[PDB]
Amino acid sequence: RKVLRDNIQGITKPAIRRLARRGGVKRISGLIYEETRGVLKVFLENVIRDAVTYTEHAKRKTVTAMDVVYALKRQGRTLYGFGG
């Protein structure tokens, strides 16, 4: 297919602001955006890494929704609405 690259930038600033508004933030410093992408990349990696590990253990090439729900569980971030 194609070569994925620098896609952590797909997370546009307007959006990050949006996420912040829902959060309650009314004034966002400028250095915030690059910071946020930073945390998001790290949070994601961990949730994904774990997920994929559950995938491999079931010897499957597909990342199922449960693989994510269980991952989030270990991480403490329990999710409702995707796998009973």
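Take the two forms, find the largest set of C-alpha atoms that superpose within 1.5 Å, and that set is the rigid core. Numbering starts at 1 and runs along the sequence shown.
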### Query
Relative to this form, superposed by the core, which stretch has the greater CA RMS in 5 other deposited structures of this protein: 65-73 or 5-13?
5-13
### Summary
Among the modelled residues of its chain, the C-alpha B-factor of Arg22 falls in the third labelled lowest
### Message
Going by the CA temperature factor in the PDB record, which third of the chain does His57 belong to: lowest, middle or highest?
### Response
highest
### Message
Please say which third, lowest, middle or highest, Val69 falls into when its CA temperature factor is compared across its chain.
### Response
middle
